[PDB]
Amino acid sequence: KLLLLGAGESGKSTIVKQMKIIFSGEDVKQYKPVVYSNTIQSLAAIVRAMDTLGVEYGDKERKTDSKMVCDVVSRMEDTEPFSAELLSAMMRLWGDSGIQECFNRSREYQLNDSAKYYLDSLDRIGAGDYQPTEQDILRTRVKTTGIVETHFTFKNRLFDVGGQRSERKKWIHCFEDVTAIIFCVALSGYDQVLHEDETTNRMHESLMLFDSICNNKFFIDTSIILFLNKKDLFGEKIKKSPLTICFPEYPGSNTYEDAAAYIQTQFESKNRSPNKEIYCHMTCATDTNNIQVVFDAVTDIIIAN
């Protein structure tokens, strides 16, 4: 029995799609829609935040193709293949300096994780013949509700859940006899806020969450493995976004190694019983090797029992 628990948008589900790649056409045919949404949406997000932040368009003539997108999101017709005029309206838009200016401030609002990745493939996916990439399926986002169980045997039971606060009351169920628990944590969250209340620091919620999950009685003789996921997003931002935005205290220098050291110490300290050990891992749910390599190691800690 394995619990893939964690806060919201930490990738508890992107990790399950690597337990799969370790996707029949019937399925790949299913993510075509999803990838459409994630794209149109992400673009939508930056359009809206353009107003909320006061970010002038690099070209007035964009207000046009711009609004043409929001209507799509609105008309709900955003799960269907980009009409010619759209795939362009977006490409032309995704190419305005304003959009970029407001996009670079994407920490000030809620914007899809895979926003960049998809928009940097507007053309690539806007093909009449288009079929979803091994990655395209992974970089997708679909808020998981309830507990989703999947099975499989590697070296001789999986439980997915919802990360938001209103899902956590349902967790208590599959809490009986949990072999090990993989706990996802979006490194990127250190300077963002929860989806549920535009107040709480995502990073902080993770810590308060883990602290709860970590020292639970049900898991005294249970393996606690921690996945400090999204280490890639974390790296490209740590250089221009102080870790102090999360820990006023943080005395280190803003570098991948430094901040990771600290962020790793904070979680490990939320552990009580000295008669116990935890397993950190700078993962990246959207890179099969890394997940593959790490999951292997994990299977050990578990089998090493």
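Numbering starts at 1 and follows the sequence shown.
The segment from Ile22 to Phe23 is interrupted, since 4 to 9 residues of the deposited sequence in that interval carry no coordinates. According to the entry, the deposited sequence has 1 to 3 residues without coordinates between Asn156 and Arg157.
Between 139 to 147 and 80 to 88, it is 80 to 88 that carries the larger average Cα temperature factor according to the deposited entry.
Of the two segments examined, 106 to 114 and 127 to 135, it is 127 to 135 that shows the higher average Cα temperature factor in the deposited entry. Taking the PDB entry at face value, the top CA B factor among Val34, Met68, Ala259, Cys246 belongs to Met68.
As recorded in the entry, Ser273 carries the highest CA temperature factor of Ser273, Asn254, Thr265, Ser42. In the PDB entry, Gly95 places in the highest third of its chain by CA B-factor. Split the chain's modelled residues into thirds by C-alpha temperature factor. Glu56 is in the lowest one.
In the PDB entry, a CA B factor belonging to the highest third of its chain's modelled residues is recorded for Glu176. When the modelled residues of the chain are ordered by C-alpha B-factor, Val28 sits in the highest third.
When the CA B factors of the chain's modelled residues are split into thirds, the value for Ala7 lands in the lowest one.
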